[PDB]
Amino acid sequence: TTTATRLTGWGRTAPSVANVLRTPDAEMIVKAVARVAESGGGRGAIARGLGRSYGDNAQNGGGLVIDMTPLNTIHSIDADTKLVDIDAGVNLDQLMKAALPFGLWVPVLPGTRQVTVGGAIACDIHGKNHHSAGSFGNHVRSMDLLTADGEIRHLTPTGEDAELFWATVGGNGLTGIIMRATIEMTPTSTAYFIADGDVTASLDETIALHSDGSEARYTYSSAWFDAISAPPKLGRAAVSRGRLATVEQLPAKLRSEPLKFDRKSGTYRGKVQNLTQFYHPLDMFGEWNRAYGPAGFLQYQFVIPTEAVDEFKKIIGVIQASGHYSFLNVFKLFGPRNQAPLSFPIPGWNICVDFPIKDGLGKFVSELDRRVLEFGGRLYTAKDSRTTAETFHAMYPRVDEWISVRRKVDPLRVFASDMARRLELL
């Protein structure tokens, strides 16, 4: 039934060995969880999707890992209610292709479509449209959670099980196995964006452009950010913003199949782009850490609360002065947060950087951790396998609430991961 397998996060770091169950048979999955429960816990079980998380949340050294990628059936698509009912193992690429002809758009899209719905919910992922759409959890209408008791629990965001539902969103698999979910899609009439580009010359300008009220004009916005240049060029950005195009906005040639699947003159208006172009160059650089890992690069993502913009500038300054130089930097202003205790996004200044691994780096990122922490920010479990339980708990003031919910639902700790042990969420 199971295969012992060396697992790592996306960037190939922090390996551990788990027994991997890989079956399309939901009943075998139910049986396996039950068997772990009847052994009284042991080293537990965790779900795994496509392994795009950079962290150690989708592995469980010495225990069970359940590869959910074979549960990939799309059960129903409904264009009136905009609801799709899909297995947790279906990936966003797969769903995007299946839903487009219905005029439905995946409501939150990360930098790669090679993630499962289960992984999307478990890490409450965010996209270029976060300030307008919230995160992936905001669009979950129901989900079926296989819990430690071996029961499949139907959860809703306002029902009697709302508490468990919202601990599952962003819960990193630690409430049980998401089997299946119903997602509310976004109506669209085309598969293209109409984009506006702007290039800033400085950090202050980047921040000004994000605080001048223009963000409200775009459903989607992100920026490519300079973290190496000496000030005042430090913080300058290439900002890509836009919204889904209506068919009248499409160039003549493309109006045929509008829902088709798949230095400083970087300034433009009303350019029409498909998903790949609009998100460029995220797709071509996505394999980077995996291609040169585990020894090449350390990704590092954090968000600082909106009101702490000065503290945010200081961290950027510290990064530039450090000697650790990152070219791949993505920046965004997050919008309002949701109600999941462990959700990563909060409104504020979000950036992912990617350091070359060098002498002094580990010590340096521990320094960043402290600053992010004190300034009221957080790290993201999808991007971390290095921080401490103390640091993480301090970054998530709702962690004890979350742990309490996890205790109600998994008293024997049937669910466990390397991450849960490292960060003391277990």
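Note that residue numbering begins at 1 and tracks the sequence as displayed. Take the two forms, superpose them, and find the largest set of C-alpha atoms that agree within 1.5 Å; that set is the rigid core.
Student: Of the stretches 263 to 271 and 228 to 236, which sits farther from where it is here in 4 other deposited structures of this protein, on average over its Cα atoms, after fitting the core?
Tutor: After superposing on the rigid core, the more displaced stretch in 4 other deposited structures of this protein is 263 to 271.
Student: Is it the case that at least a third of the other compared entries omit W288, given both of its neighbours are modelled there?
Tutor: In at least a third of the comparable entries (those modelling both sides of it), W288 has no coordinates.
Student: Using none, 1 to 3, 4 to 9 or 10 or more, say how many deposited residues go missing between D262 and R263.
Tutor: A long stretch, 10 or more residues, is missing between them.
Student: Comparing average C-alpha B factors as deposited, tell me which of 74 to 82 and 311 to 319 sits higher.
Tutor: The stretch with the larger mean CA B-factor is 311 to 319.
Student: 413 to 421 versus 20 to 28: which one carries the higher mean Cα B factor per the record?
Tutor: The entry gives the higher C-alpha B-factor average to 20 to 28.
Student: Just to confirm, going by the entry's C-alpha B-factors, which of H280, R141, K97, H130 comes out highest?
Tutor: In this record, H280 carries the highest C-alpha B-factor of the candidates.
Student: Which is it among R337, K271, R180, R241: the one with the largest CA B-factor in the entry?
Tutor: If I rank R337, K271, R180, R241 by C-alpha B-factor, first place goes to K271.
Student: Which third, lowest, middle or highest, does the CA B-factor of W288 fall in along this chain?
Tutor: Its C-alpha B-factor belongs to the highest third of this chain's values.
Student: Taking the C-alpha B-factors as the PDB entry records them, is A58 in the lowest, middle or highest third of its chain?
Tutor: It belongs to the lowest third of the chain when residues are ordered by C-alpha B-factor.
Student: For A237, does the deposited CA B-factor place it in the lowest, middle or highest third of the chain?
Tutor: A237: CA B-factor falls in the middle third of its chain.
Student: Among the modelled residues of its chain, does the C-alpha B-factor of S222 lie in the lowest, middle or highest third?
Tutor: Within its chain, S222 is a middle-third residue by C-alpha B-factor, going by the deposited values.
Student: Looking at the C-alpha B-factor of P305, is it in the lowest, middle or highest third of its chain?
Tutor: Its C-alpha B-factor belongs to the middle third of this chain's values.
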